[PDB]
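Below you'll find the structure I mean.
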Amino acid sequence: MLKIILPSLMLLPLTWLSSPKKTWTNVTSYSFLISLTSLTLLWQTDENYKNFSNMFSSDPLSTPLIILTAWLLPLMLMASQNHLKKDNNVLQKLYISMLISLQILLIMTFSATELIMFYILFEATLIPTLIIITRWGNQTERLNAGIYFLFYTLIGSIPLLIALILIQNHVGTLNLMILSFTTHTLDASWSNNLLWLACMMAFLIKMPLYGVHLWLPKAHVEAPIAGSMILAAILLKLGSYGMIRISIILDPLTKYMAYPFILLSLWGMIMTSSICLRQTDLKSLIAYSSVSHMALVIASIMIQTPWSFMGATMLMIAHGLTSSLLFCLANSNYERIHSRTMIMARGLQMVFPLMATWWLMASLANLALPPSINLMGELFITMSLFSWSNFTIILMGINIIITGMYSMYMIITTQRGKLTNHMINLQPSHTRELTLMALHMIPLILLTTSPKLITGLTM
Amino acid sequence: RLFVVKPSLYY
Amino acid sequence: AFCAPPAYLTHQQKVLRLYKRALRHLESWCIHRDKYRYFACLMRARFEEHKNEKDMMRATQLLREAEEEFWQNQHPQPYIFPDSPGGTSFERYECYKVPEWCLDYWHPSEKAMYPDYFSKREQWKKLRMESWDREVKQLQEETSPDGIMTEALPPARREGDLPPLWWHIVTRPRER
Amino acid sequence: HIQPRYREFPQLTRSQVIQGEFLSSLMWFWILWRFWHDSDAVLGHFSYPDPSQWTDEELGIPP
Amino acid sequence: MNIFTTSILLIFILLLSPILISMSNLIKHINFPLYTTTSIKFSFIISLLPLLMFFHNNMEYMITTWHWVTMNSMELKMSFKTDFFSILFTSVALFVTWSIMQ
Amino acid sequence: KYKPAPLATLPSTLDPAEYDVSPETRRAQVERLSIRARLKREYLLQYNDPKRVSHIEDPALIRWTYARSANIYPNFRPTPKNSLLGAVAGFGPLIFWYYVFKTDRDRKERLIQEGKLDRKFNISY
Amino acid sequence: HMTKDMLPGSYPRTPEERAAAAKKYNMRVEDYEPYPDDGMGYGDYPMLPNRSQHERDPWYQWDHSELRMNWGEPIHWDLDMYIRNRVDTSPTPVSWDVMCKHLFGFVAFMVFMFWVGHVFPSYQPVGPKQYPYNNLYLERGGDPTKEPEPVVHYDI
Amino acid sequence: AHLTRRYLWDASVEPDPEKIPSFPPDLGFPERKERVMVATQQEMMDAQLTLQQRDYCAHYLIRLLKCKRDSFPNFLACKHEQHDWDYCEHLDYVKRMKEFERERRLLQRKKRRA
Amino acid sequence: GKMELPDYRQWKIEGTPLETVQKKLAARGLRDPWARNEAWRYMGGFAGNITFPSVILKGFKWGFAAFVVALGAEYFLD
Amino acid sequence: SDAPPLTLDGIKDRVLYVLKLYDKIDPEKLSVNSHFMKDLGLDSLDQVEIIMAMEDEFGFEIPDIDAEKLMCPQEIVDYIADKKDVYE
Amino acid sequence: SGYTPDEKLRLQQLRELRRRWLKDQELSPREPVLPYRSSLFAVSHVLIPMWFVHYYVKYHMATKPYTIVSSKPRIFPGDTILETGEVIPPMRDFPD
């Protein structure tokens, strides 16, 4: 793992003592080489897992998150490049350093073994995100957005820390797989119910539950494109990783202390897919899409079945890639029109006839067009919840319909009408952003061809 | 014979 | 598609448009030309029977009743010419109606062909940055200071001046 | 290739008429061949016996 | 069992070929409509054969071509069930799409 | 006779507002048209204007988005039927679905406990 | 760039406010009518006719053509559902009250008549079909070692 | 037709299509013979027939499939066989109709016995 | 190519249903100023009544002829 | 099967043709500028009929707002030319 | 009321301008500047693919157990099987 972290740490000097003309190039190339080297983790020839130290470890669930994290970096580098172009060399080096720090901390917290290290890193992920969102946003509500994000997270995270201490005291360690080989059943008492609540709310907030989803749309709409991408792809996954790791000891409480969250997820799914029909901001639309998709992940972790966890992992990675792609697609226009309003610009696919394809495929994925991992996840979540109770299929179908509606709405109100001929400032498509979209898509094709790397722990 | 207006497509 | 409605339609215009719609729906109902001519002559007789009348109140009443008769006897699937609203070709070539400014982004190796074309496009601009300032004054100076205003436009009264606000009525794409 | 005509019946090539006539004649030849050799399929080949024309000996019914 | 399966997969290879020339640079130097129509024509001529062999033997086949995944006692793979319905509908639809392309 | 509806509106023909010749009608129409024409002249002094590198803005669209997005809470006031609509929409369906799922799960579990169920070939979940 | 004096605000409780609101939204203080004060965020935003964009004139060369809506015109709070790819309020020769009745009647009568034909079916005067080996007990699943309840099929 | 005779006239003295063999079989038949089967289970199973199809005429159906698989390139050479199968199916239909009429006559007997 | 237009001195109401419509509009006391336009059809290559037999029994002549030919050939070949 | 393009002299021929076929007033004497009310004394109803005949002749509609202003064959030809984009 | 004279002049000017825009949108010659079949198609679009497909089948789809599972061939009385040199006997006397 250290062969992955040390070079990521060295990307910093490179960034600062690189000349003002080659820093972007060099750091991007080496970030790509890091993404390449990270594939050592995929050499899993046995059911035994990796353990490089007492402090690090890798699993079939942490490896894909780690590789997606190491892959998204150069894409964010490329995407944060047109803006902050006039900004000073020092400022853009600061930006690059923020990105690299996020990379390193996310890799660490995915490769961690101890819940408290996981905690300090899952809570150190705030500084760079807050700084990016507040120092490089364009509106005046980015400050309130950072407040919301930061404090939702911390209010959810404190009781988690307290529960971790309670455990570290009852048991003598917070180490994973020891917390597994020594776990006991519980007494189904109110103290342990509150322990459950504490352990869970942090992650149920970091991946937006229906009722506490009021930090994601803000952060997205007010944040730059790299912040949007990382928030949509990985910061929404820290909660899933944490719950998949902490739910092993809370048995057998989640059999009955999970109903409220299953209900909230299955309902907010509909109640956000519907907002995706009547929202005017493209970015907020995609945010509510992310919410409606993470609801499935939540409801699937809650029921604790192998198919459920498999679908959760598949959909996690797939939604990461697809949301990053959609955000970058909307950014391509924003850079040209400086307005997130969707119905303003229309009739594209005439001057941008190719980007209308990327727009289309990112939509084919979000609406779960087979063969695709979005669907290979949704289907198995649906089957697991149908075994749970057969009446979930109703809400699942409603959500499917609304998704197929608002995806094509987003397509047609931007690319499939007639042009706003009064738009003189439609600079043709950059090779850079076409490459962004291609780098987002192709890995989805490859993971659809080899979805054995994406099932997870159970499979 | 006439001229058909079109975008660049070179980029 | 070339003018703007007036602040209010006059009784004459109302009656004329009612006559036109009534005849179009008569065509829709009667598929054969002989029948169409027969009943069109009948309808025009019905109309002319009240052309030399002047009582405005009774006229408006006859019109309010004829419009109801029309709504009650109208064909619900009338004939619409293809390229017109409701027709099977309305807004069909808007996909190929690309504007003119889309050529300012072309690449030298694209306008390298059609060079004789782009030379004209150039001097068509020279004919625009010069003909702009005087198109404003002609509007400023021809303004009604009594508040009243409508969607009309004047021509140019000189040798060399051009109609104000022409670039978009000129330069627009073919229909094809 | 052709010359447009106005308010008149246009000039008619020979191919577009001979081919249609050929197709129609072939369809009718087929109909006739069939209706000749397999008439049953549209008329019938197995009568429908009259109920109650049987005898109580068959379908035995004692008195 | 070599001619049947080969003839079944050859039509797919053929139908795919045009879309491969659709990503290449030959479109601007080919008559794509005529080429695609000829591809459809030969696909129909190929699909005609399985039809004969079935009408003769009345034998149906199952053809598993590629292993996609193995999900804990649940495999998923590319599987073609060549039966009366499939082999006849293929010929009909190809014979029709030929006319339609022209 | 045509009975209008909020989804099949009344046409302009049958609207007695039309055919009205009162000055309080025709003057208002003329003023509306004057406003419309002033706005169209303003917009066309920007469309065809050369030396324009950027696009045209829409203050009306901006107002509309700002109203539908950010001018909501500053004017929100708790009231009866408001608290009630909120509480119902928020909680009612959750309770309904909770009881649905709970009844189903309990029934299934008691069946399985009694062994009165058929789970043939179920080896995945 | 805009300003708090160009953007919307709260419910007008004076004509000193209605005047500025209508002159801002670019309507006249008579046709301008704000939404009722039910504490719902509307504020001073125009309340306009619930007509769609099909009703408007197709022959006019608008500015926003797909929306059929001019440049500075005040926009309907519910445009996203009247954008002409959606809800259509344009009138109809037949009237709601009678069209709904006709459709409901057609459907319900056809359903009732399905049930009538189910109560009184149609068939042909024949006996059930006969399959020799105990209705094909063995082939039809059966069990080889056991024996079936034998059944007979007679002549005539 | 039976439709009217049942749904409007006496509905209790007209048979029911699902209860045709109800009465005893030999109430008017002495030594009522059985319906024979001249096709063997193996002869019918090795031919890959269908369970709606391996009825009392599967032997002629076997001959048909045989004379079809043979002489194949020239279809239309399976008419003399097709006729035989159609005829046996028609005779089976006749037997069914006669069972129906039998049961109706027995209903007449029951209504005339009181 | 240069298009031509035939003389308007030939499109006449005489001998068409336009004439009967004129009889009726005279019985009622009226005139039709447009009938000569619609009268470009109803005369010439467009003249004559087409029948459902006319369209259905097309080809039937040679169809039946070849049918009888093949029938005779079949009787010959036995 | 693509139909041939239009020409100004062709539109002139066709319009004057329809107007010659017209009977109510036109005594077969129609110069390009034979105004309907001044030069021929027609009614707005006759003008409606004339525009509808032009439409049935050429295959498209004339909006009523713009047809209420056509009183000369030359104006008709000019409107149709502006609509069909002729004389490239 | 027809076109006022100002409207008529406006339209005439826009007309003489559009009939020039279109004459200009026309283009000269010499621009745009620029710098057996059945059998060959058969070969290069059927044979080569057919060779690849036969290879794939024969050596990656029939070497595996249950990849090509044919149904069983209809057999009738008198059809003498060849994998065992066997002959099944005919049926019973047909009543008629």
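As written, the chain order gives the labels A, B, C, D, E, F, G, H, I, J and K, with residue 1 at the start of each chain.
In this section, contacts are C-beta pairs under 8 Å (C-beta built on N, C-alpha and C of every residue); 3 or more make two chains touch, one makes a residue touch a chain.
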{"item": "Other chains in touch with both subunit D and subunit H", "value": "G"}
{"item": "Selected pair, greater C-beta contact count between A-E and E-K", "value": "E-K"}
{"item": "Centre distance in Å when subunit A and subunit H are each reduced to the mean of their C-alpha atoms", "value": "68"}
{"item": "Between subunit E and subunit D, distance of the C-alpha-averaged centres to the nearest whole Å", "value": "36"}
{"item": "For subunit E paired with subunit H, centre-to-centre distance based on mean C-alpha positions, whole Å", "value": "43"}
{"item": "Subunit A residues counted as touching two or more neighbouring chains", "value": "280, 306-307, 343, 347, 350-351, 418, 420, 422, 424, 428"}
{"item": "Residues of subunit E engaged with two or more neighbouring chains", "value": "57-58, 72"}
{"item": "Multi-chain contact residues (two or more partners), subunit B", "value": "2-3, 7-8, 11"}
{"item": "Parts of subunit C lying in touch with subunit J, wherever the complex brings them together", "value": "1-3, 5, 12-13, 16-17, 19-20, 23-24, 44, 47-48, 81-84, 174-175"}
{"item": "List of subunit K residues in touch with subunit H within their complex", "value": "71-72, 74-78, 88, 91-95"}
{"item": "Sites on subunit I touched by subunit J in the complex", "value": "1, 3, 5, 8, 11, 31, 33-34, 36-37"}
{"item": "Interfacial residue positions of subunit B with respect to subunit K in the complex", "value": "1-3"}
{"item": "Subunit K contact footprint on subunit H (complex, rising order)", "value": "36, 38-40, 43, 46-48, 59, 62, 65-66, 69"}
